[PDB]
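**Q** Pasting target_30.tsv below, which is TSV, C-alpha atoms.
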chain	number	residue	atom	x	y	z
A	42	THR	CA	56.32	33.53	29.09
A	43	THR	CA	55.09	31.88	25.89
A	44	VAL	CA	52.71	28.93	26.10
A	45	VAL	CA	53.30	27.06	22.82
A	46	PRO	CA	56.99	26.49	21.99
A	47	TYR	CA	58.43	27.73	18.70
A	48	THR	CA	58.69	24.27	17.13
A	49	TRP	CA	55.14	23.17	17.97
A	50	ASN	CA	53.56	26.39	16.70
A	51	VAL	CA	55.56	26.35	13.46
A	52	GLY	CA	54.80	22.68	12.79
A	53	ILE	CA	51.09	22.95	13.54
A	54	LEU	CA	50.68	26.03	11.35
A	55	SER	CA	52.67	24.45	8.51
A	56	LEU	CA	50.52	21.30	8.54
A	57	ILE	CA	47.35	23.39	8.67
A	58	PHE	CA	48.60	25.45	5.72
A	59	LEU	CA	49.32	22.32	3.68
A	60	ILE	CA	45.90	20.78	4.26
A	61	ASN	CA	44.07	24.09	3.78
A	62	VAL	CA	45.73	24.77	0.44
A	63	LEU	CA	45.31	21.24	-0.92
A	64	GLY	CA	41.71	20.74	0.16
A	65	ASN	CA	40.27	24.12	-0.74
A	66	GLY	CA	42.19	24.34	-4.02
A	67	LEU	CA	40.82	20.97	-5.09
A	68	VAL	CA	37.28	21.88	-3.98
A	69	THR	CA	37.41	25.17	-5.90
A	70	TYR	CA	38.79	23.36	-8.96
A	71	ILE	CA	35.91	20.86	-8.99
A	72	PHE	CA	33.41	23.67	-8.40
A	73	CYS	CA	34.80	25.76	-11.26
A	74	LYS	CA	34.63	22.73	-13.55
A	75	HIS	CA	30.95	22.14	-12.63
A	76	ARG	CA	29.95	25.79	-12.10
A	77	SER	CA	27.27	26.08	-14.78
A	78	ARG	CA	24.69	23.97	-12.91
A	79	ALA	CA	25.17	25.35	-9.38
A	80	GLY	CA	22.87	27.15	-6.97
A	81	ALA	CA	23.12	29.96	-4.45
A	82	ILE	CA	24.13	27.76	-1.52
A	83	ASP	CA	26.70	26.11	-3.78
A	84	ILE	CA	28.27	29.53	-4.39
A	85	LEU	CA	28.26	30.25	-0.65
A	86	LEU	CA	29.89	26.90	0.13
A	87	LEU	CA	32.57	27.72	-2.46
A	88	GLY	CA	32.97	31.09	-0.77
A	89	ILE	CA	33.86	29.23	2.41
A	90	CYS	CA	36.70	27.52	0.51
A	91	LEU	CA	37.89	30.89	-0.77
A	92	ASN	CA	37.82	32.22	2.79
A	93	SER	CA	39.95	29.28	3.90
A	94	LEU	CA	42.40	29.99	1.06
A	95	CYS	CA	42.75	33.57	2.35
A	96	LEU	CA	44.39	32.19	5.51
A	97	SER	CA	46.96	30.27	3.45
A	98	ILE	CA	48.90	33.41	2.51
A	99	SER	CA	48.81	34.70	6.09
A	100	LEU	CA	50.16	31.44	7.51
A	101	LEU	CA	52.81	31.19	4.78
A	102	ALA	CA	54.01	34.69	5.63
A	103	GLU	CA	54.02	33.95	9.36
A	104	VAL	CA	55.95	30.70	8.90
A	105	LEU	CA	58.51	32.36	6.62
A	106	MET	CA	59.01	35.13	9.18
A	107	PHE	CA	59.54	32.53	11.91
A	108	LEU	CA	62.06	30.62	9.79
A	109	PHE	CA	63.82	33.75	8.47
A	110	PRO	CA	63.83	36.71	10.89
A	111	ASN	CA	66.06	38.46	8.35
A	112	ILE	CA	63.18	39.05	5.91
A	113	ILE	CA	60.90	40.50	8.60
A	114	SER	CA	59.81	43.87	7.22
A	115	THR	CA	56.87	46.25	7.25
A	116	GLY	CA	55.43	44.84	4.02
A	117	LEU	CA	55.18	41.29	5.33
A	118	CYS	CA	53.82	42.54	8.67
A	119	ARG	CA	51.04	44.33	6.78
A	120	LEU	CA	50.29	41.45	4.40
A	121	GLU	CA	50.15	38.70	7.04
A	122	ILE	CA	47.80	40.60	9.35
A	123	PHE	CA	45.67	41.72	6.38
A	124	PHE	CA	45.06	38.16	5.19
A	125	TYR	CA	44.52	36.97	8.77
A	126	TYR	CA	41.73	39.46	9.44
A	127	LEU	CA	40.36	38.81	5.96
A	128	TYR	CA	39.93	35.12	6.78
A	129	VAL	CA	38.55	35.85	10.25
A	130	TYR	CA	35.84	38.19	8.98
A	131	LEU	CA	35.03	36.18	5.86
A	132	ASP	CA	34.29	32.92	7.69
A	133	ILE	CA	31.63	34.42	9.96
A	134	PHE	CA	30.21	36.51	7.12
A	135	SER	CA	29.86	33.40	4.93
A	136	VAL	CA	28.02	31.55	7.69
A	137	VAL	CA	25.65	34.53	8.02
A	138	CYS	CA	25.07	34.48	4.25
A	139	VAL	CA	24.31	30.75	4.38
A	140	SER	CA	21.69	31.38	7.06
A	141	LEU	CA	20.22	34.27	5.05
A	142	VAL	CA	19.83	32.19	1.89
A	143	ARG	CA	18.10	29.25	3.59
A	144	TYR	CA	15.76	31.80	5.18
A	145	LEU	CA	15.05	33.12	1.69
A	146	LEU	CA	14.55	29.63	0.24
A	147	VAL	CA	11.47	29.23	2.47
A	148	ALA	CA	10.27	32.84	2.67
A	149	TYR	CA	10.00	32.94	-1.15
A	150	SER	CA	9.45	29.28	-2.04
A	151	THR	CA	6.91	30.24	-4.73
A	152	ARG	CA	9.61	32.31	-6.50
A	153	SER	CA	12.57	31.10	-8.54
A	154	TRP	CA	15.01	33.94	-7.80
A	155	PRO	CA	16.05	32.61	-4.34
A	156	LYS	CA	17.56	29.51	-5.99
A	157	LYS	CA	19.78	31.12	-8.64
A	158	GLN	CA	23.54	31.69	-8.65
A	159	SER	CA	22.86	35.44	-8.73
A	160	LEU	CA	21.89	35.56	-5.05
A	161	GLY	CA	25.01	33.63	-4.07
A	162	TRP	CA	27.28	35.93	-6.05
A	163	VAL	CA	25.63	39.08	-4.69
A	164	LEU	CA	25.97	37.84	-1.11
A	165	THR	CA	29.58	36.76	-1.62
A	166	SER	CA	30.53	40.15	-3.08
A	167	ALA	CA	28.73	42.01	-0.29
A	168	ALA	CA	30.64	39.99	2.31
A	169	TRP	CA	34.00	40.33	0.54
A	170	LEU	CA	33.77	44.12	0.25
A	171	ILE	CA	33.05	44.54	3.96
A	172	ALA	CA	35.80	42.11	4.95
A	173	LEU	CA	38.31	43.90	2.72
A	174	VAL	CA	37.43	47.29	4.20
A	175	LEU	CA	37.70	46.01	7.77
A	176	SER	CA	40.99	44.19	7.18
A	177	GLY	CA	42.61	47.06	5.30
A	178	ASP	CA	41.63	49.45	8.07
A	179	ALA	CA	43.42	47.30	10.65
A	180	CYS	CA	46.55	46.40	8.69
A	181	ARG	CA	47.67	50.02	8.18
A	182	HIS	CA	50.17	50.57	11.02
A	183	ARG	CA	51.70	47.15	11.71
A	184	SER	CA	55.40	47.60	10.95
A	185	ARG	CA	58.91	46.43	11.82
A	186	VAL	CA	60.10	47.40	15.31
A	187	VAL	CA	63.18	46.47	17.34
A	188	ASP	CA	62.92	45.97	21.10
A	189	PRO	CA	65.79	47.60	23.04
A	190	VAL	CA	65.75	44.77	25.61
A	191	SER	CA	66.37	41.93	23.12
A	192	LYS	CA	67.70	43.68	19.97
A	193	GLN	CA	65.59	41.57	17.60
A	194	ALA	CA	63.05	42.71	15.02
A	195	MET	CA	59.37	41.77	15.12
A	196	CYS	CA	56.01	42.87	13.75
A	197	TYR	CA	54.41	45.35	16.14
A	198	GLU	CA	51.55	47.85	16.29
A	199	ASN	CA	53.89	50.89	16.20
A	200	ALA	CA	51.77	53.97	15.45
A	201	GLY	CA	53.72	56.76	17.17
A	202	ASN	CA	52.67	58.18	20.52
A	203	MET	CA	49.22	56.62	19.95
A	204	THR	CA	50.35	52.97	19.80
A	205	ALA	CA	48.17	51.90	22.73
A	206	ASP	CA	45.07	53.62	21.33
A	207	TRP	CA	45.50	51.86	17.97
A	208	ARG	CA	46.17	48.57	19.76
A	209	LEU	CA	42.86	48.88	21.61
A	210	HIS	CA	40.96	50.17	18.56
A	211	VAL	CA	41.91	47.21	16.36
A	212	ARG	CA	40.77	44.67	18.96
A	213	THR	CA	37.53	46.55	19.63
A	214	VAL	CA	36.75	46.68	15.90
A	215	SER	CA	37.54	42.99	15.54
A	216	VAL	CA	35.26	42.00	18.41
A	217	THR	CA	32.28	44.21	17.59
A	218	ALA	CA	32.31	43.80	13.79
A	219	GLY	CA	33.43	40.16	13.51
A	220	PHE	CA	31.78	38.32	16.40
A	221	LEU	CA	28.83	40.19	17.90
A	222	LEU	CA	26.89	41.56	14.92
A	223	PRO	CA	27.43	38.53	12.62
A	224	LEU	CA	26.31	36.20	15.42
A	225	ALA	CA	23.17	38.27	15.97
A	226	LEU	CA	22.37	38.20	12.25
A	227	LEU	CA	22.96	34.44	12.15
A	228	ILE	CA	20.61	33.83	15.08
A	229	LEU	CA	18.05	36.20	13.55
A	230	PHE	CA	17.96	34.39	10.22
A	231	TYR	CA	17.77	30.90	11.74
A	232	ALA	CA	15.02	32.06	14.12
A	233	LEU	CA	13.09	33.57	11.20
A	234	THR	CA	13.44	30.37	9.16
A	235	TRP	CA	12.16	28.31	12.08
A	236	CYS	CA	9.32	30.76	12.75
A	237	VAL	CA	8.09	30.77	9.14
A	238	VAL	CA	8.33	26.97	8.94
A	239	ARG	CA	6.37	26.65	12.19
A	240	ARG	CA	3.71	29.18	11.17
A	241	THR	CA	3.03	27.46	7.83
A	242	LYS	CA	3.37	23.88	9.16
A	243	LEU	CA	5.31	23.15	5.99
A	244	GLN	CA	4.98	19.63	4.65
A	245	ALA	CA	7.52	16.81	4.79
A	246	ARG	CA	9.01	17.74	1.41
A	247	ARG	CA	11.59	19.50	3.59
A	248	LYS	CA	14.50	17.05	3.85
A	249	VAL	CA	17.93	17.68	5.29
A	250	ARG	CA	21.03	18.51	3.27
A	251	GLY	CA	24.05	16.85	4.84
A	252	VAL	CA	26.83	19.26	3.89
A	253	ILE	CA	25.18	22.51	5.01
A	254	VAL	CA	24.56	21.53	8.63
A	255	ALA	CA	27.96	19.90	9.27
A	256	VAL	CA	29.95	22.98	8.23
A	257	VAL	CA	27.81	25.29	10.37
A	258	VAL	CA	28.21	23.00	13.39
A	259	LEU	CA	31.97	22.61	12.98
A	260	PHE	CA	32.29	26.39	12.67
A	261	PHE	CA	30.81	26.81	16.15
A	262	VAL	CA	33.09	23.98	17.27
A	263	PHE	CA	36.48	25.15	15.97
A	264	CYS	CA	36.02	28.94	15.65
A	265	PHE	CA	33.60	30.14	18.35
A	266	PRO	CA	36.05	29.49	21.25
A	267	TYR	CA	38.64	31.83	19.73
A	268	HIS	CA	36.11	34.64	19.35
A	269	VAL	CA	34.76	34.26	22.89
A	270	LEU	CA	38.27	34.25	24.37
A	271	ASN	CA	39.14	37.29	22.24
A	272	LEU	CA	36.08	39.02	23.70
A	273	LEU	CA	37.25	38.15	27.22
A	274	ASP	CA	40.74	39.47	26.44
A	275	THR	CA	39.37	42.73	25.04
A	276	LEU	CA	37.27	43.05	28.20
A	277	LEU	CA	40.49	42.71	30.20
A	278	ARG	CA	42.20	45.46	28.23
A	279	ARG	CA	39.19	47.77	28.63
A	280	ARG	CA	39.06	47.28	32.43
A	281	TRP	CA	35.42	46.19	32.31
A	282	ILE	CA	36.37	43.14	34.41
A	283	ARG	CA	38.86	42.98	37.23
A	284	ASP	CA	42.61	42.75	36.72
A	285	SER	CA	44.69	39.84	38.02
A	286	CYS	CA	47.95	38.12	37.16
A	287	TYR	CA	46.30	34.70	37.41
A	288	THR	CA	43.47	35.74	35.09
A	289	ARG	CA	45.93	37.30	32.65
A	290	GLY	CA	48.00	34.11	32.49
A	291	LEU	CA	44.86	31.98	32.20
A	292	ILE	CA	43.63	33.98	29.21
A	293	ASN	CA	47.15	33.99	27.77
A	294	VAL	CA	47.11	30.18	27.76
A	295	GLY	CA	43.55	30.10	26.45
A	296	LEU	CA	44.27	32.42	23.53
A	297	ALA	CA	47.24	30.25	22.55
A	298	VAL	CA	45.11	27.09	22.58
A	299	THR	CA	42.05	28.47	20.79
A	300	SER	CA	43.97	30.34	18.07
A	301	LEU	CA	45.15	26.97	16.75
A	302	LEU	CA	41.58	25.65	16.73
A	303	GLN	CA	40.37	28.52	14.55
A	304	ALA	CA	43.19	27.94	12.07
A	305	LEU	CA	42.32	24.23	12.01
A	306	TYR	CA	38.80	25.02	10.81
A	307	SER	CA	40.37	25.91	7.46
A	308	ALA	CA	41.67	22.33	7.19
A	309	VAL	CA	38.39	20.91	8.53
A	310	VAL	CA	36.22	22.70	5.95
A	311	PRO	CA	37.40	20.90	2.76
A	312	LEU	CA	37.26	17.46	4.41
A	313	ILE	CA	33.57	17.99	5.21
A	314	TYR	CA	32.87	18.32	1.48
A	315	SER	CA	35.07	15.35	0.57
A	316	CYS	CA	32.94	12.97	2.68
A	317	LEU	CA	29.42	14.42	3.08
A	318	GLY	CA	29.15	15.67	-0.51
A	319	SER	CA	28.40	13.09	-3.17
A	320	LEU	CA	29.87	15.08	-6.07
A	321	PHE	CA	33.07	16.13	-4.30
A	322	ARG	CA	33.56	12.65	-2.83
A	323	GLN	CA	33.28	10.96	-6.23
A	324	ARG	CA	35.51	13.41	-8.10
A	325	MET	CA	38.24	13.60	-5.46
A	326	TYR	CA	38.18	9.81	-5.04
A	327	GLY	CA	38.70	9.45	-8.79
A	328	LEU	CA	41.50	12.02	-8.77
A	329	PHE	CA	43.26	10.30	-5.85
A	330	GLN	CA	42.96	6.90	-7.56
A	331	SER	CA	45.01	8.25	-10.49
Would you write out, as structure tokens, the structure that this file holds?
**A**
Amino acid sequence: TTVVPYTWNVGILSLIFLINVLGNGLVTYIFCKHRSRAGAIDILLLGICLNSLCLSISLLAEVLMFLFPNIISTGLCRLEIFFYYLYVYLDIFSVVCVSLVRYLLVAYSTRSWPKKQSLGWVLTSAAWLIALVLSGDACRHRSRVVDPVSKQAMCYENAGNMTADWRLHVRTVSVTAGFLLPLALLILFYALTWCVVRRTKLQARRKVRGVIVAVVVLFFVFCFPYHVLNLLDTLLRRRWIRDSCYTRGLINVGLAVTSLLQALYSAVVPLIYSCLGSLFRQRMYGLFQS
């Protein structure tokens, strides 16, 4: 059985695509118009918008394949899954980079190099290269297959006699490289920032930045559930926890619910900037008053 009907899934993904594209395109436009006077964390926060825009192509492809089964082909199956994994890796990598740069802003406060655009660009490129490698590795075999039992085409993991091995390998790579290690690095950098602040008893000149914290919190809100349920699913398919029809159906429902949350983070991200950021709020308010 399928948990979310066709109509609900298509509508939700279409609305998410619309808001994603509009919000992150506008944010990137404003950022490119005011680039010259930006900092490292500004570049990272723009990188989050670029990550969200990656998902737009994936969702557009998926929606067009739903609407038009006729155009389902190997090329679209590759492209959709490529952009999907690109988004999934890039979001967590960008959060890790944000944590790294705030660590560096305190570890090297006496230096000026932690606060330049150069650090943001270097970190963004380092994240993008890794995400591209990981996504391209996964999107190699997904092609057009026809089920004998229903005589309809669909995107599938067909890889020959080794289809199951590839199916397991892709999920294992996703879990290990896109949830576990990035989370450990994130925790490490925040713990180091807190430790260095505690050890120095840094003065009250430290004052909170509204935008940075909200995005990091809403990431753990809208995206973490999908990754944890993916980990549970992969544990099912590796027989590290016990099999059961009830458990399988429970996780089948859960994956359906949480996958929509993770896609909704793309729409959530630009709205955080449009309200908690003074520059984005002003500019977008002026644009919308036109």
**Q** Within 12 Å of (27.4, 27.0, -4.5) (coordinates as in the file), grab all the protein and nucleic acid residues, counting all atoms listed in the file, and write them out as an MDAnalysis selection string.
**A** chainID A and resid 68:69 71:73 75:91 135 138:139 142 156:162 164:165 252:253 314
**Q** As a list in words, please: the residues near region 126-129 of chain A (cut-off 7 Å, all atoms listed in the file, same-chain neighbours under 5 positions excluded).
**A**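 Near neighbours after the sequence-gap exclusion: residues 92, 93, 95, 96, 172, 173 and 176 of chain A.
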**Q** Just want the 10 Å neighbourhood of region 290-295 of chain A, counted on all atoms listed in the file, with same-chain residues fewer than 3 positions away dropped. Output as number ranges by chain.
**A** A: 42-45, 266-267, 270-271, 273-274, 277, 285-287, 298-300
**Q** Quick one: pull the distance between CA of residue 304 (chain A) and CA of residue 125 (chain A), Å, one decimal.
**A**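 Going from CA of residue 304 (chain A) over to CA of residue 125 (chain A) covers 9.7 Å.
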**Q** Name all residues at most 12 Å from residue 174 (chain A) (count all atoms listed in the file; drop same-chain ones fewer than 4 positions away) and give them as a ChimeraX atom specification.
**A** /A:123-124,126-127,130-131,167-170,178-181,214,218
**Q** What's the separation between CA of residue 228 (chain A) and CA of residue 140 (chain A), in Å to one decimal place?
**A** 8.5 Å
**Q** Pick the closest to residue 288 (chain A) from A:197, A:51, A:245, A:276: which is it, counting all atoms listed in the file?
**A** A:276
**Q** To one decimal in Å, tell me the separation between CA of residue 64 (chain A) and CA of residue 175 (chain A).
**A**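 For CA of residue 64 (chain A) relative to CA of residue 175 (chain A), the distance reads 26.7 Å.
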**Q** Can you write out as a Markdown table which residues of region 70-182 of chain A fall within 7 Å of region 222-226 of chain A, alongside each residue's closest atom pair and its distance in Å to one decimal, counting all atoms listed in the file and ordering rows by chain and ascending residue number?
**A**
| residue | atom | partner | partner_atom | distance |
| --- | --- | --- | --- | --- |
| A:133 | CA | A:223 | CA | 6.5 |
| A:134 | CA | A:223 | CA | 6.5 |
| A:137 | CA | A:223 | CA | 6.4 |
**Q** Pick out the closest residue to residue 211 (chain A) from this set: A:316, A:297, A:122, A:195. Count only C-alpha atoms.
**A**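 Using only C-alpha atoms, the shortest distance to residue 211 (chain A) belongs to A:122.
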**Q** A:191, A:234, A:217, A:204: which is nearest residue 141 (chain A), counting all atoms listed in the file?
**A**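 Ranking A:191, A:234, A:217, A:204 by distance to residue 141 (chain A), first place goes to A:234.
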**Q** Nearest to residue 268 (chain A): which of A:74, A:246, A:280, A:212 is it, counting all atoms listed in the file?
**A**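 Counting all atoms listed in the file, the residue closest to residue 268 (chain A) is A:212.
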**Q** Give me the box for region 186-205 of chain A as AutoDock Vina command-line options, namely the centre and edge lengths in Å to one decimal of a box along x, y and z that holds every listed atom plus 6 Å on each side.
**A**
--center_x 57.9 --center_y 49.9 --center_z 19.7 --size_x 31.5 --size_y 28.6 --size_z 23.9
**Q** Just checking: using only C-alpha atoms, which residue out of A:117, A:106, A:243, A:147 ends up closest to residue 182 (chain A)?
**A**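 Ranked by minimum distance to residue 182 (chain A), first place goes to A:117.
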**Q** With distances taken over all atoms listed in the file, which residue among A:196, A:163, A:100, A:301 lies nearest residue 49 (chain A)?
**A**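 Distance minimum relative to residue 49 (chain A) lands on A:301.
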**Q** Counting only C-alpha atoms, I want the residues whose atoms come within 9 Å of (46.7, 27.5, 6.0) in the file frame, returned as JSON, numbers by chain.
**A** {"A": [54, 55, 56, 57, 58, 59, 60, 61, 62, 93, 94, 95, 96, 97, 98, 99, 100, 101, 304, 305, 307, 308]}
**Q** List the spatial neighbours of residue 249 (chain A) as a PyMOL selection string - criterion: any atom at most 12 Å away, all atoms listed in the file, same-chain residues fewer than 5 positions off excluded.
**A** chain A and resi 143+254-255
**Q** Hey, what's within 8 Å of residue 275 (chain A) if we count only C-alpha atoms and toss same-chain stuff fewer than 6 positions away? As a PyMOL selection string, please?
**A** chain A and resi 209+212-213+216
